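Participant: Got an experimental structure here, sequence first:
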Amino acid sequence: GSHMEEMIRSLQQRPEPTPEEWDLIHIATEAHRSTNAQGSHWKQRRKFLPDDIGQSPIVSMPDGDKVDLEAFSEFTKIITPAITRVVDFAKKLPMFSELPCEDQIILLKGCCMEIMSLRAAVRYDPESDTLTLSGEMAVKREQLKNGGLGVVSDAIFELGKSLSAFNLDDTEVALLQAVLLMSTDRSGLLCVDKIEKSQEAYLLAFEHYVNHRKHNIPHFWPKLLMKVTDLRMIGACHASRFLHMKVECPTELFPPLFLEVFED
Ligand SMILES: O=C(O)Cc1cc(I)c(Oc2ccc(O)c(I)c2)c(I)c1
């Protein structure tokens, strides 16, 4: 192109975001930052879930990983704000908020656990080997496992540990969320084509933003896509396990919003 353009683009050749993609990137990034509990100040003012909690699984589950009701209660007491923040994030993306209300509900139920799991995973702390839930509650593998998640907890920790080396920034987390949200692998959607077109726009903007960032680890983009796949598997194991939870435990132990999201 122009001399200046060429000068500016010398150390690049992989496609950068277009100006339209930068707009999309900026809105998603801000939507995430404004809905992500604690402004990058999470590790300072976080508290550990007491070591004596989450050591006593005694409610049976079909897969044999039992549940500690006390730990389950501690986790579910803070889950309502966590789900609400995912909803707030989604409502801030124009391509989501212009969908029929019914499609918005289906998309949210479809991705809620995928996004929450990703938000917990990016707060993995290698030193203490904990996840920080909602940026306030540091939990150990055993505690999160026994408090209801079973093997889903091991999957989240594994993801969190592997994501450490990716050094994701807010934009990359935000775009993963948008890609998870705008999925047509749900049933009963009306605006299938429009949702797909939106996902494709986010995916391309995401690939181009990845080029822009020039991460030091190789094969970054396909590596990141593989993490999207892991997150969707985490979502599915959670949906399966939630069904069993509901068979074993009375409704009064589940906050209303938690039941609503993970319904069918
Ligand atoms: O980290 C925050 O932003 C969000 C965060 C908050 C919660 I509480 C959550 O922990 C869960 C999730 C599902 C579940 O059935 C049980 I029992 C515990 C996840 I993992 C992530």
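Facilitator: Cool, got the structure. Numbering: from 1, shown residues only.
Participant: can you list the residues of the chain near the ligand?
Facilitator: Residues of the chain found near the ligand (Cβ under 6 Å from any ligand atom) are 37, 72, 75, 78-79, 82, 116-117, 119-120, 133-134, 147-149, 156. (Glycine included, C-beta is placed from N, CA and C.)
Participant: separation between residue 16 and residue 8?
Facilitator: Between residue 16 and residue 8 the computed distance is 10 Å (Cβ to Cβ, to the nearest Å).
Participant: right, I mislabeled it, should have said residue 124
Facilitator: 36 Å.
Participant: So between those two, which is more surrounded?
Facilitator: Between residue 124 and residue 8, residue 124 has the larger neighbour count (other Cβ atoms under 10 Å), namely 20 against 12.
Participant: The more buried one contacts residue 162, correct?
Facilitator: No: look at residue 124 against residue 162 with Cβ atoms under 8 Å: they stay out of range, at 9.0 Å.
Participant: For the ligand, what is the nearest residue in the stretch 51-200 of the chain?
Facilitator: Nearest residue of the stretch 51-200 of the chain to the ligand (Cβ to the nearest ligand atom) works out as residue 148 at 3.0 Å.
Participant: is it true that that residue touches residue 248?
Facilitator: No: counting by Cβ under 8 Å, residue 148 stays clear of residue 248, with 10.3 Å between them.
Participant: Those two: which has the busier surroundings?
Facilitator: Taking residue 148 and residue 248 together and counting by other Cβ under 10 Å, residue 148 has the greater number of neighbours (27 against 13).
Participant: what's the closest non-adjacent residue to that one?
Facilitator: Nearest non-adjacent residue to residue 148, counting by Cβ to Cβ, 6 or more residues apart in numbering: residue 72, 4.6 Å away.
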